[PDB]
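In: Curious how this folds, go ahead:
(2 chains)
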Amino acid sequence: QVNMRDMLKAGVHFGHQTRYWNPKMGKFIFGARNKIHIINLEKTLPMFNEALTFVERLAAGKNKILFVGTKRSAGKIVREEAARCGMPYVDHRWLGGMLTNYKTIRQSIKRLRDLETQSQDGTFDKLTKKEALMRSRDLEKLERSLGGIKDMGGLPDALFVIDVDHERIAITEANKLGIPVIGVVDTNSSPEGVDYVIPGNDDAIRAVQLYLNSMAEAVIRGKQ
RNA sequence: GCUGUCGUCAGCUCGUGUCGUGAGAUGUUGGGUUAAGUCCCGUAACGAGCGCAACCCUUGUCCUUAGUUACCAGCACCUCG
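Out: Numbering: from 1, shown residues only, chains lettered A, B, ... in the order given. You can find the structure just below:
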């Protein structure tokens, strides 16, 4: 599936500075070089296919997993990879409580998807003046924060994270509701809320696509 | 029941969510902006309500309808009204 040689090409071994390292990555660190911690690979791959093995199962069970990466680096890649598997996502900001407070999120989703019908039905022309608040402030805002989670339906069956520290609000919500989490952890990350860890670079552009492309192909294989 | 007042000051809250053993906090803070909690951007908050504003009268321009008791541009009459 995924070779070790492809990993170092994407720079998955590179982490952060030794100052910011998290002691709980001591088991995932092969060593350090020029004041930069480098992640062990011989443990990364066997743990990496297990994440691909798990997502294989629930994809066959027709289960929804959320593609959340909110960093500006891995912003667009998450959205495009989620769409390829036709799978919901969030990449601008983890809003406070889509999971523990899904009830009001559904109300925001309701005003979202009804609002597209207003554009489709041509009701916009009936308002004419004082309309740009609807056109930009009202559609375009809602397409950002809930664009991916529009057709998601129910509660997630698993959660995919990038930079679990930056996207830490998501971890607490998923853990409280007992949602399994598969996130990429750097040398500065805390693997205490996530369940299926894989260690590697989490802000390099090459690294994030390698996860997401492998993440997506394990979902497309499971649609059958 | 009705009325003055802070004060037409711009604030006051609520439902879920979250944090804290708890009273409580968040939202409502922060960076700009406004007459305004007005709006924008961030943001464990999302939304909502009462407030602000607007919808309401009057006034400042024009158009359509109408010219009596109102008006008199162009006509004639006329005591010169």
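In: Minimum distance to RNA strand B, which residue of chain A gives it?
Out: Closest approach between chain A and RNA strand B, counting by C-beta to the nearest atom of the strand: residue A:96, at 2.5 Å. The way it works is simple: take the backbone N, C-alpha and C, and place the C-beta from them, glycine included.
In: Can you get me a residue count around the residue lying closest to that residue once chain neighbours are set aside?
Out: Nearest non-adjacent residue to residue A:96, counting by C-beta to C-beta, 6 or more residues apart in numbering: residue A:169, 6.9 Å away. Counted by other C-beta atoms under 10 Å, the residues lying close to residue A:169 total 17.
In: Just the element for residue A:169, please.
Out: helix A:168-176 (DSSP states H and E).
In: helices or strands up against whatever helix or strand comes next after that helix?
Out: Per DSSP H and E, the first helix or strand lying C-terminal to helix A:168-176 is strand A:181-185. Of the remaining helices and strands, those touching strand A:181-185 by 3 or more C-beta pairs under 8 Å, 6 or more residues apart in numbering; DSSP states H and E are helix A:44-60, strand A:158-162, helix A:168-176, strand A:196-199, helix A:205-220.
In: Most tightly packed of the ones you listed?
Out: Ranked by mean neighbour count, the helices and strands packed on strand A:181-185 are led by strand A:158-162 with a mean of 25 (mean count of other C-beta atoms under 10 Å).
In: Can you name every helix or strand that that one contacts?
Out: helix A:44-60, strand A:65-68, helix A:168-176, strand A:181-185, helix A:205-220.
In: Redo the ones you listed as a markdown table? Include distance to RNA strand B.
Out: Shown next, in a markdown table, are the helices and strands packed on strand A:158-162 (distance: least, C-beta to the nearest atom of the strand, whole Å):
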| stretch | distance to RNA strand B |
| --- | --- |
| helix A:44-60 | 24 |
| strand A:65-68 | 13 |
| helix A:168-176 | 5 |
| strand A:181-185 | 14 |
| helix A:205-220 | 18 |
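In: Quick one, which of these gets closest to residue A:11.
Out: Each of the helices and strands packed on strand A:158-162 was scored for nearness to residue A:11 using C-beta to C-beta, and the closest is helix A:205-220 (5.6 Å).
In: Residues in contact with that closest one: which ones?
Out: A:1-2, A:6-7, A:9-12, A:14, A:48, A:52, A:55-56, A:59, A:65, A:67, A:69, A:73-74, A:77-78, A:81-82, A:84-85, A:87, A:160, A:162, A:184, A:198, A:200-202 (C-beta atoms under 8 Å, 6 or more residues apart in numbering).
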